[PDB]
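Asks: Handing you this structure, nothing more for now.
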Amino acid sequence: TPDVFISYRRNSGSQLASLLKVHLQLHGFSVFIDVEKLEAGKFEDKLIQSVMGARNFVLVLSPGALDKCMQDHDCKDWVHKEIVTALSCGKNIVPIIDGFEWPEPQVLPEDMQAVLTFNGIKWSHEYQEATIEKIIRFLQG
Amino acid sequence: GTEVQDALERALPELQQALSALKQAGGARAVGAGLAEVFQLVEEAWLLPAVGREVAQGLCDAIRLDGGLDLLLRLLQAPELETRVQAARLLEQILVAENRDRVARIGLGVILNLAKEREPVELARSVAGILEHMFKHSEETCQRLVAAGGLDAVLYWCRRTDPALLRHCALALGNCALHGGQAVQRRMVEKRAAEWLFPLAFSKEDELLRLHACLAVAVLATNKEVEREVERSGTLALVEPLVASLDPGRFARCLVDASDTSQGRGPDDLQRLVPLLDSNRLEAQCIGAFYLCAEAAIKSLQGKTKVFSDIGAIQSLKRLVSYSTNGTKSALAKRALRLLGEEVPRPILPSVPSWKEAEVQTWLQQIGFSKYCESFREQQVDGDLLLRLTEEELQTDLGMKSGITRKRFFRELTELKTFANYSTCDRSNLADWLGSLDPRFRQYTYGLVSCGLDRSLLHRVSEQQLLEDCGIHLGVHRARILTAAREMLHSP
Amino acid sequence: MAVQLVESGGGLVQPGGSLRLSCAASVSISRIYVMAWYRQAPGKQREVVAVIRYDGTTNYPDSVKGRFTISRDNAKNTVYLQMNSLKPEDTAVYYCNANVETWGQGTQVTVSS
Ligand SMILES: NC(=O)c1ccc[n+]([C@@H]2O[C@H](COP(=O)(O)O)[C@@H](O)[C@H]2O)c1
């Protein structure tokens, strides 16, 4: 059973997710990554399984392509669905930010996104093994 | 001959120029220029694709025997790093097997002490290339660089962002499972190398890095004792859609348009990749075949195809296309063969339905059931009667009393049935249609064509007819044939 | 495909002593499904001596198990049968066989002094 799940934007935020997965697997936490469920995963054959098996939902906030999730009220937005399912289940939501463009409260309405009520973690590039001990905290598996 | 000389006419007194400048030291102001003069154009000897590749390799004894590499390795202990970072490049650029043997003999330990510094990326790049070309020496040096801190450096550099450094690391990690035997491959998973190859394999920035990382992980998952640990890493799944999507023509165009990495693996140690084609793991076979057809498509545009002749690699490709159950591997092998200018071998199968009594006697002798030959001789059984032989007629008319004997006979019978030639009676080619779903279904292709069943007549069948007329006894096989047959209901 | 086979070797050997027989084909030996070596005693029926399939899986009768060895070579397409310890009862005409129908010509083998 995967302990945590990491979601990411397909274009940006791909290498950092792999570094997180390799360090977290070296820490032993059963982590599940998910790749390219745009039309295949639409049947929730893996989505609900991942968001039920994962106790701590993780987010990588790279410079983000939130354009599909912001100024888009549509309920067919794939990234918005896979984020609001974790928001609705209300498990441990810890994000990792990397100089991301901060969103405005006027956009991403309260019924769309409420993840702004949390404080993420800033990634380091010089020495990485310091922040990992701070990401092992705030898990509560 | 003539092209060979034009390379060393400039190369030789200019590599002497180099020697001169190496061992004539004006410290930092003059070693710098010398290194740039010998970096700009010595590496351009790999930019002459006509001759000048071989020339370098052979010409490395004029540098190594005089002691120039040894002289600079004795002078690379200078405390300043600026005149060392630009100097370590020509080390990896002038590393060939003969130059490798003496550095593996004497001078080991300055690289192990220079690998302690991992901050400068321009330095770490050259050290990664040094370890890449040093891995491939022999078993003892592999055991010494795994027993020392050699693996930790390239394992730490996997968290970087430099493209050239990550490519050199990917190429470095793959020269260890080749020259490591089995215990070093059992230590590499203990040193957690297969997990740190996930970022180098999952990289949508360069496809070259993905191919190098997937070949590096596939050459290591052939050991059965560590296979159960390599699948736990989460990387053994990435090699299949990688080799599925990527076309070797595209990868060739990405190798022929780049100014470097031409003639990648070469005729020297390519043979280490050959047993991976014959290995048990299918993904190692497909990645080896992919690399072979890619370098063949590269090398076919020139007249260098004859280096396939004296190494006998075309023979190994021709032996693996017939009697092979792998769509991707056989497809890539047939593509390589047809692109290199050779024909695909067709299997020679025994035409069982057009047999006489003598052939039945000989086959009974071959399978070890000779005791019953006379019985088969008395009843006048030939191939047509043999392929439609049932258990009750076997028990009563032919005298096989035991049930275990009849199970053994039907085992040999099915093995002969899947490997027969039905072209004498099968017109609509039902054997390949049955073999497409599973090879183990080909054994039924006689019963079907004996019961006047055709492709165009196959979708309007019932399971009862398959059971009693065509003699298919396993319910699983009947269900699979039914669901695969009625899906193409009215396609014509 | 009309495949022609040729056999070579044989003659007279001393009782106890080795010999090697060879069968050469006219096509690539890797295309053929099964190859085999048969023995015909004077005035009796044939017997099988050695079998080999396309993946190199061999089977011998219990009498010659441990004394005879069959192997195929792909450089020059030839199947070899090596006999190590010969007994006086191994005097016969030997054949090679491709698939089950293609026969060879056969060679005489005697063991005496
Ligand atoms: N395309 C090539 O093969 C190529 C390109 C640039 C440099 N080199 C140098 O050629 C040498 C080849 O030596 P080995 O193939 O014996 O490892 C190395 O020192 C390498 O750095 C090769």
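If you're matching them up, the sequences are chains A, B and C in order.
Sequential numbering from 2 applies to the first sequence in our numbering.
Sequential numbering from 142 applies to the second sequence in our numbering.
Sequential numbering from 859 applies to the third sequence in our numbering.
Cβ coordinates follow ideal geometry from the N, Cα and C atoms, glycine included.
1. Which of the three DSSP states is assigned to residue 845/C in this structure?
2. What are the boundary residues of the alpha helix (DSSP H) that includes residue 501/B?
3. According to DSSP, is residue 318/B part of a helix, a strand, or is it coil?
4. Would you please verify whether the beta carbon of residue 464/B is less than 9 Å from any beta carbon of chain C?
5. Could you run through the stretch 910-943 of chain C and flag, in chain order, every residue whose CB is less than 7 Å away from some CB of chain B?
6. By DSSP, does residue 449/B sit in helix, in strand, or in coil?
7. Is the Cβ of residue 521/B closer than 9 Å to any Cβ of chain C?
8. From the DSSP output, in three-state form, read off residue 518/B for me.
9. Listed in chain order, which residues of the stretch 26-57 of chain A have Cβ atoms closer than 7 Å to some Cβ of chain B?
10. According to the neighbour-count rule (16 or more other Cβ atoms, all chains shown, within 10 Å of its Cβ), is residue 630/B buried or exposed?
11. Just curious, the beta strand (DSSP E) that residue 30/A is in, first and last residue?
12. My parser needs the alpha helix (DSSP H) runs of 4 or more residues fully inside the stretch 253-336 of chain B; what are they?
13. Is the stretch 533-553 of chain B touching the stretch 941-953 of chain C, taking contact as three or more C-beta pairs under 8 Å?
14. For residue 964/C, which residues in the same chain have their Cβ closer than 8 Å to its Cβ, ignoring the five residues on either side in sequence?
15. Hey, out of 538/B, 205/B and 467/B, whose CA is closest to residue 236/B's CA?
16. Is the stretch 323-337 of chain B touching the stretch 354-368 of chain B, taking contact as three or more C-beta pairs under 8 Å?
17. Closest Cβ-Cβ distance between residue 23/A and chain B: below 9 Å?
18. Ligand 1 and residue 409/B: does the residue's C-beta get closer than 8 Å to at least one heavy atom of that ligand?
19. Using the beta-carbon of each residue, which ones in chain B are nearer than 8 Å to residue 19/A?
20. Note down, in chain order, all residues in the stretch 885-902 of chain C with a beta-carbon under 8 Å from any beta-carbon belonging to chain B.
21. Can you list, in chain order, the residues of its chain whose CB lies under 6 Å from that of residue 48/A, leaving out five sequence neighbours each side?
22. Evaluate the contact criterion for the stretch 261-274 of chain B versus the stretch 300-312 of chain B: three or more CB pairs, one atom per stretch, below 8 Å.
23. Can residue 527/B be considered in contact with ligand 1, in the sense that its beta carbon sits closer than 8 Å to one or more heavy atoms?
24. How is residue 57/A classed by DSSP in three states: helix, strand or coil?
25. When the Cα atoms are used, what is the spatial distance from residue 362/B to residue 371/B?
26. Going by beta-carbon coordinates alone, are residue 470/B and residue 426/B separated by less than 9 Å?
27. Please classify residue 866/C: does DSSP put it in a helix, a strand, or coil?
28. Is residue 412/B near ligand 1, going by C-beta to nearest heavy atom under 8 Å?
29. In whole angstroms, what is the alpha-carbon distance linking residue 596/B and residue 568/B?
30. Counting along the chain, where does the alpha helix (DSSP H) carrying residue 442/B start and finish?
31. Excluding sequence positions up to five away, which residues of its chain have a Cβ less than 7 Å from the Cβ of residue 870/C?
32. Ligand 1 heavy atoms versus the CB of residue 436/B: any closer than 8 Å?
33. Three or more C-beta pairs closer than 8 Å, one from the stretch 29-43 of chain A and one from the stretch 84-100 of chain A: is that the case here?
34. What first and last residue would you give for the alpha helix (DSSP H) that runs through residue 457/B?
35. When you compare the CB positions of residue 247/B and residue 211/B, do they come within less than 9 Å of one another, or not?
36. Does ligand 1 have a heavy atom nearer than 8 Å to the CB of residue 277/B?
Replies: Let's see:
1. It is not possible to answer for residue 845/C, since the shown part of chain C is limited to 859 through 971.
2. Numbered from its first residue, the second sequence carries residue 501/B at position 360. The continuous alpha helix (DSSP H) containing residue 501/B extends over residues 498-507.
3. The residue given as residue 318/B occupies position 177 in the second sequence. Coil, per DSSP.
4. The residue given as residue 464/B occupies position 323 in the second sequence. Yes, because at least one Cβ of chain C sits closer than 9 Å to the Cβ of residue 464/B.
5. For the stretch 910-943 of chain C, which is checked against every Cβ of chain B, the residues closer than 7 Å are 912 and 932.
6. To locate residue 449/B, count along the second sequence from 1; it is residue 308. Residue 449/B falls in the helix class under three-state DSSP.
7. Here residue 521/B refers to the residue found at position 380 when the second sequence is read from its first residue. So, not an interface residue.
8. The residue you call residue 518/B lines up with position 377 of the second sequence. Residue 518/B sits in a helix when the DSSP states are folded into three classes.
9. 26 and 27
10. On the second sequence, residue 630/B is found 489 positions in, with the first residue counted as 1. By the neighbour-count rule (16 or more Cβ atoms within 10 Å), residue 630/B is not buried but exposed.
11. Start at 1 with the first residue of the first sequence, and residue 30/A comes out as number 29. Careful: residue 30/A lies outside any beta strand (DSSP E) and carries neither H nor E.
12. 262-276, 280-288, 291-297, 304-314 and 324-329
13. no
14. If you number the third sequence from 1, residue 964/C lands on position 106. Hits under 8 Å: 865, 898, 951, 952 and 953.
15. For the purposes of this step, residue 236/B is identified with residue 95 of the second sequence, where counting begins at 1. Selected option, being the one with the closest Cα: 205/B.
16. yes
17. Counted from its first residue, the first sequence places residue 23/A at position 22. Taking Cβ atoms only, chain B reaches closer than 9 Å to residue 23/A, which makes this a yes.
18. Locating residue 409/B in the second sequence gives position 268, where the first residue counts as 1. Yes, ligand 1 has a heavy atom inside 8 Å of this Cβ.
19. Here residue 19/A refers to the residue found at position 18 of the first sequence. Per Cβ cutoff of 8 Å: 339, 340, 343 and 344.
20. 885, 886, 888, 889, 890, 891, 892, 894 and 896
21. The residue given as residue 48/A occupies position 47 in the first sequence. Closer than 6 Å at Cβ, skipping near neighbours: 42.
22. yes
23. Counted from its first residue, the second sequence places residue 527/B at position 386. It does not: the Cβ of residue 527/B is nowhere closer than 8 Å to a heavy atom of ligand 1.
24. For the purposes of this step, residue 57/A is taken as the residue at position 56 of the first sequence. Residue 57/A falls in the strand class under three-state DSSP.
25. Indexing the second sequence from 1 puts residue 362/B at position 221. Indexing the second sequence from 1 puts residue 371/B at position 230. So the two alpha carbons sit approximately 6 Å from each other.
26. Position 329 of the second sequence, counted from the first residue, corresponds to residue 470/B. Position 285 of the second sequence, counted from the first residue, corresponds to residue 426/B. Going by C-beta atoms, residue 470/B is nearer than 9 Å to residue 426/B.
27. Mapped onto the third sequence, residue 866/C falls at position 8. In this structure, residue 866/C counts as strand in the three-state DSSP scheme.
28. Against the second sequence, residue 412/B aligns to sequence position 271. Checking every heavy atom of ligand 1 against the Cβ of residue 412/B, none is found closer than 8 Å.
29. In the second sequence, residue 596/B corresponds to position 455, counting from 1. In the second sequence, residue 568/B corresponds to position 427, counting from 1. Straight-line Cα distance between these residues: approximately 10 Å.
30. Looking up residue 442/B in the second sequence gives position 301. For residue 442/B, there is no enclosing alpha helix (DSSP H), as DSSP marks it with neither H nor E.
31. Along the third sequence, one-based indexing puts residue 870/C at 12. Excluding positions up to five away in sequence, the list reads 968 and 970.
32. Walking along the second sequence from the start, residue 436/B turns up at place 295. Outside the cutoff, so no.
33. no
34. Taking the first residue of the second sequence as position 1, residue 457/B is located at position 316. Unbroken alpha helix (DSSP H) run through residue 457/B: 454-459.
35. Start at 1 with the first residue of the second sequence, and residue 247/B comes out as number 106. Start at 1 with the first residue of the second sequence, and residue 211/B comes out as number 70. It is a contact, given that the beta carbons lie within the stated cut-off.
36. Against the second sequence, residue 277/B aligns to sequence position 136. Indeed, a heavy atom of ligand 1 lies less than 8 Å from the Cβ.
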